[PDB]
């Protein structure tokens, strides 16, 4: 079972997949995608990264949405059911936007295709299962929208972030130097629109802190992670989403004003412990 992950390292959707693979000690290779030319992805009719192709010797299936990848792989790890059949339970649902745009959403994306035995094996608590589902969705429908406006809220942070983008990702020597400044400028302005369009407070940091408190509160003081003893897909989701900011001002702020660090480090070490 060989796994190749096409990604943008500092992109939350990819950080999520990595968090999951890292925690389930699954071996995988990563091919960094050039965000400008995206050549390493020209082979996939699915135009968004991350994309992960799994290979079983001769067989090979392409898993697309980041949450779908995680769900497919996860149910795979517990049910053993052939992966070529599992991605079938996460159908790509095309539909024309109310604005006339073709959009694809993946059905059942946050639901592990498990049977009674299997479920009990990973949740042991019917409500615990619908819970990660709810927070998994929360992670990328709310938490991620707090990143850009936060890591690009100031021209300095903007440059810091895009610098961290060019260094980390795959940019030619030239498309990098340029991209840092054009990029930070673009993103600084664009994040302004995102700040607005997503109904964020004027003080973007406060939406981040609140989100964090909401999460720690949800985790509660009766358990290490939402997954209880060990982290479940929800812990990995929030963590995966938040990590992308490691090294940036927003992250230190987040850590210094929210009581979320203990949970965060707990997941980080739960992961490093392969």
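Numbering follows the first chain given and starts at 1.
Legend: mean Cα B-factor per stretch from the PDB entry, 70-78 versus 164-172; the higher mean is in 164-172. Here 182-190 and 138-146 are compared by their mean Cα B-factor, and 182-190 comes out higher. The entry assigns its greatest Cα B factor, within the set 108, 130, 121, 154, to 121. Out of 9, 257, 266, 24, it is 257 whose C-alpha atom has the highest B-factor in the PDB entry. The entry lists a Cα temperature factor for residue 222 that places it in the highest third of the chain's modelled residues. The PDB entry assigns residue 200 a C-alpha temperature factor belonging to the highest third of its chain's modelled residues. For residue 57, the recorded CA B-factor ranks within the highest third of the chain. Only modelled residues enter the ranking. Placement of the Cα temperature factor of residue 232 within the chain: lowest third of the modelled residues, per the deposited record. The PDB entry assigns residue 5 a C-alpha temperature factor belonging to the lowest third of its chain's modelled residues.
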